[PDB]
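Below you'll find only one chain, the form deposited in one PDB entry, shown as structure tokens.
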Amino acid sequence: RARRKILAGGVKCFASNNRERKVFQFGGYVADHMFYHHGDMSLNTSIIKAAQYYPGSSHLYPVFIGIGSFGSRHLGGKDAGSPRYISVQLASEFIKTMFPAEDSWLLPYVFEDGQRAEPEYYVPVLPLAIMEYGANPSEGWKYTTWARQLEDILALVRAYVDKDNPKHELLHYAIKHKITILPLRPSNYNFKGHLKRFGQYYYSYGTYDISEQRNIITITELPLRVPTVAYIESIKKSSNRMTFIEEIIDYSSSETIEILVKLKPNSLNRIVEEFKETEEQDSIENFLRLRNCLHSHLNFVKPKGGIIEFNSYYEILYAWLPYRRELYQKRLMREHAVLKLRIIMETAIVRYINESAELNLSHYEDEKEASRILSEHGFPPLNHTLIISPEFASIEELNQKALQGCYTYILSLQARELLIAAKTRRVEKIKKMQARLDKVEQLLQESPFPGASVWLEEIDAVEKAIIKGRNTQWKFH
């Protein structure tokens, strides 16, 4: 959607350098290049929604580095500051690990009006469609979904990649029968409460502290995805519950949650005699609206177009994995296909120096008979500036336009390129890149799927960026 359009903005604008840039200036850059026609206000509110960093925000891991204060959990991110004064900084450490730079050249790009457009879907290292809560990037309709923890999806992806996990074939066994033996639990970050499961729904409950010595009721934790100001007004609506409430004063603050509630003890003995004495939970969390109903609404973009609904989050992770798994194979094969062309081009230039002024002379090179005469000389007619600089080209298209290439990679070199020292660096470039070919040849041949070993390293790289961001003051340095 529009989120992916903003994603290409950070990497393209900050390709030269990752410095501090204004939000509106970056927004103007994004619409200038990727043709954002929905207005800068819609772009600016989407940038903040993409870069929101607060408990309860939809985006747990922002694409960009949070600068200044974008709000607080009280209003649920609706108290954003002035876009003009605030600045935006791309998180270069996370974005390259989460989205590999080399994989971007292979991503399926659509073309609109004869120009490239952003991909329909991205296939990152970890699925961004589950790690983030639902939100309202547009107006009117709001998508509602709940994120899973960063320990169950990690165990699931490592089970489908690493062979060392004992439950490797067990996960594969569950794929065919759709039994889903492995667990999968909601996010628990910045929620010191409880989560309880009956039937087919979840409910989040807060924490309250009761002290007999001082007869003061203390509320510790809020529900999972509630703004603070919402609970203030919701408790005032019920006239029946207002009679029991003599007074509620909020003492909670930012980075320090402590609420003092003065409730008469004589009201404690009569609340339970008229609230039917629910046995599922205590009356303290029943009289106080400290619960929310989690109606799982699942939406995933269809590859062919449209929207799909899944009964559980397992069907999303079990569907996101194969598309990422498939493109690991294509990434290595294309890189394999370009290294072998580089060996052909480099060796020809190295061997050209042997048939240069060292031993032989063929300087005449009339453009008419240079075609088939040089054919028996072994010099390949491959086009230059493509092998050294690969582009958004598929494996099938790469071979067609490389074999039927053109000259000027030969006999257009600098006169020093055929000197004795230059050949030594040129010939030694082959073996270093020949050894890299061997490792890739050694890869892409495992029984489960190609590129399994590199997947684990990429998974760890994502974890390194997330840990460093949280360990530091969200500075990544």
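Think of the rigid core as the biggest set of C-alphas that the two forms share within 1.5 Å after superposition. The first residue of the sequence shown is number 1, and the count goes up from there.
Beyond what is shown, the protein has a form deposited in another entry; the following relates to that form.
Among the residues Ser87, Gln149, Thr180, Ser356, the single one whose Cα moves by at least 2 Å between this form and the one not shown, once the core is superposed, is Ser356. Comparing the forms between this form and the one not shown on their rigid core, the Cα displacement of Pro322 stays under 2 Å. Superposition on the rigid core between this form and the one not shown places the CA atom of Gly140 2 Å or more away from its counterpart. When two forms of a protein are overlaid on their rigid core, residues whose CA moves 2 Å or more are considered shifted, and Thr243 is one of them between this form and the one not shown. Annotation for the pair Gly77/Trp141: C-alpha atoms recede from each other in the other form, by 3 Å or more compared with this form. In the other form, the CA atoms of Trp141 and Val88 move apart by 3 angstroms or more relative to this form.
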